[PDB]
Structure formats: structure tokens, C-alpha cells
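S.K.: If you scroll down you'll find the structure; I have some questions about it.
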């Protein structure tokens, strides 16, 4: 009597947190919205998807998360978000499945007990930049001092625009799996 499961692309507010769900393979992935900043996903022989909870306006907030992250194949556990003017997406990748994301290497940032590799890539069709911090070892719970990532990106010339949403996301490309992720502000 309460949690909600969704299967169609949408954004909204659930239990006081912003959420977003997107796939290009409807019918192969779902998201279940739990109390607070928590959700689960389940996917089976999927295409591309990204789902998560967080905030409709991102910023430098320190956040803490805990996750169960159960990919068969290619998936990521990521603090993900977007800006406009310029249009940029960014991913702070905490864990990954069979593939570890990479791009043009621009340095490292050491924050929250770990060292992350910094990368830049571009997406083509709008063409825009994607920024990455990818931890050098996987983890599935801890604190992300988001401002440290933003500052390290800026030192490398990777400049952000005005923030749109910011979520602790599960991302997948093919294969199958599940996750349960909880996020909140604070150290």
C-alpha cells in the first residue's frame, strides 16, 4: 500500500525528492519509488536507461548515499546531473559493471577517501560536453563532496553552466540487473 512502480519516461517529486526515469527501451526497465531519497530499479535485456532520485536544482551540496548495485553487464552507479548555458552533463561514477567509463584524461581529484580520474567526452546529436569523475576503486556507499569535483573540473577547463537536476542514478546499457539506491544531503 504505497511505494509506486513506474515504467514510462517521466520526472516528478516522490516522497519529497525529485526523481527522473528515462529509457529508450520501454517495457524492459522499471523504477520503484521508496520513502525519502530511495528507489530501486530492475531491468531485463534492456537498451539504454537512466533513473534516480535527487534534486531538481543541482549544486555543490555534500551528499551521502548507500546502494545495492547488481548489474549483469554494463551499468554505472553515478551522481549525475545537467547544466544549461552551457549545456553539459556530468557523472561522478562510484561503481560500474563490466565496463569502466573513460574519455580524454584530464587529471585526478582526491576527495571523500578516494581518488577519481577526470575525463571529458562529447555527445553528438545538440552536441555538448560530458564531464566525468570516475573513482579508481568501486564503492557502493559513502559521501560525495560534489563541490570538490566541480572545482577539480574547473581547474582542468571543464566549466559548468546553470544547474538543472542532480540525482544519484543507476545507468545501464543492455543486459539485466537491479539496484536499490538511497541518497540524502549531508556528510
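What follows is calculated from the coordinates using simple rules that are stated; it is not laboratory data. Cβ atoms come from the backbone with ideal geometry, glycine included; neighbour counts cover every protein chain shown.
S.K.: Can you tell me which of 16-24, 4-12 comes out highest on packing, and rank the rest after it, using the mean Cβ neighbours within 10 Å?
M.R.: 16-24, 4-12
S.K.: Using Stokes-Einstein with the Kirkwood hydrodynamic radius over Cα pairs, what translational diffusion coefficient do you get for the chain at 25 °C and a viscosity of 0.890 mPa s, in µm²/s rounded to a whole number?
M.R.: Diffusion coefficient, whole number: 150 µm²/s.
S.K.: Cα centroid distance between segment 1-47 and segment 152-187, in Å?
M.R.: Each part reduced to its Cα centre gives a spacing of 16 Å.
S.K.: Also, I was wondering about something else. Rounded to the nearest 0.05, what FRET efficiency do residue 56 and residue 154 give with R0 = 22 Å and r taken as the Cβ-Cβ distance? Could you check?
M.R.: The value I calculate is 0.40.
S.K.: If contacts are Cα pairs under 8 angstrom and at least 6 residues apart, what is the relative contact order of segment 1-40 in percent?
M.R.: 43 percent
S.K.: Let me ask something additional. Please give the length that would be gained between residue 48 and residue 105 if that part of the chain were fully extended, namely 0.36 nm times their separation in residues minus their C-alpha to C-alpha distance (nm, one decimal).
M.R.: 18.1 nm
S.K.: Could the peptides 132-143, 49-60 be put in order, highest first, of the mean number of other beta-carbon atoms found within 10 Å of their residues?
M.R.: 49-60, 132-143
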